[PDB]
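experimental coordinates follow, after the sequence.
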Amino acid sequence: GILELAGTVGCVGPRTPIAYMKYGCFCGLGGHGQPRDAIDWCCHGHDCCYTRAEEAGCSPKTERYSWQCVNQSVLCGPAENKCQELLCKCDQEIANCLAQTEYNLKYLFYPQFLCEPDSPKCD
Ligand SMILES: [Ca+2]
């Protein structure tokens, strides 16, 4: 769920999870266009991951799941079902991805109007 998402992103660092609430063309509810940068790419991959989970019959934005933060690293589990495995994997992946990026203030609250209609394919 969103609580775990914010949690994992905050565990790995280096900035507040709120910094990605609405950024570029993909960080924030929905999203389309050409990713603006590395961070926007992480959100693109995350959206893709969430779509895959939804197709797997899960609820990425609501179901909670257990996990641990150790030395700024996310450890997933224990999982009670396959969905908790999937969700934690998505969040763990965007957290790691996001952790390796530089922040571009110019994309904070970027107008979706400036984002293209089409989007790159999902892996
Ligand atoms: Ca999004």
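Structure received. Numbers count the residues shown, from 1 in each chain.

run a quick neighbour tally on the closest residue to the ion within the chain.
For the chain, the residue closest to the ion is residue 31, as judged by C-beta to the ion, at 3.9 Å. Using the backbone N, CA and C atoms, a C-beta is placed for each residue, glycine as well. For residue 31, the tally of surrounding residues (other C-beta atoms under 10 Å) stands at 18.

what does the chain put close to the ion?
With the criterion set to C-beta under 5 Å from the ion, the chain comes near the ion through 26, 31, 47.

just put these in TSV and tack on secondary structure.
Converted to TSV, the residues of the chain next to the ion look like this (DSSP: H, G, I helix; E, B strand; the rest coil):
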residue	secondary structure
26	coil
31	coil
47	helix
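
and of these, the nearest to residue 41?
residue 26 (8.0 Å; C-beta to C-beta).

skipping adjacent residues, who's closest to that closest one in space?
residue 43 (3.8 Å; C-beta to C-beta, 6 or more residues apart in numbering).

by contact count, what packs against the helix or strand hosting that neighbour?
Taking DSSP states H and E as the definition, residue 43 sits inside helix 38-55. Secondary-structure packing of helix 38-55 (3 or more C-beta pairs under 8 Å, 6 or more residues apart in numbering; DSSP states H and E): helix 82-99.

buried residues in the helix it packs on?
By neighbour count, with 16 or more other C-beta atoms under 10 Å as the criterion, the buried positions of helix 82-99 are 83-95, 97-99.

just checking, what packs against that helix?
Counting contacts by 3+ C-beta pairs under 8 Å, 6+ apart, helix 82-99 packs against helix 2-12, helix 38-55, strand 73-76.

buried sites along the helix holding residue 43?
39-50, 52-53.

stretch 19-30 too?
19-20, 23-27.

out of those, list just those in strands.
In strands, defined here by DSSP state E, there are no members of those.

so of those, which two are at opposite extremes in space?
Counting by C-beta to C-beta, the most remote pair of the buried residues of stretch 19-30 is 19 and 25, 15.9 Å apart.
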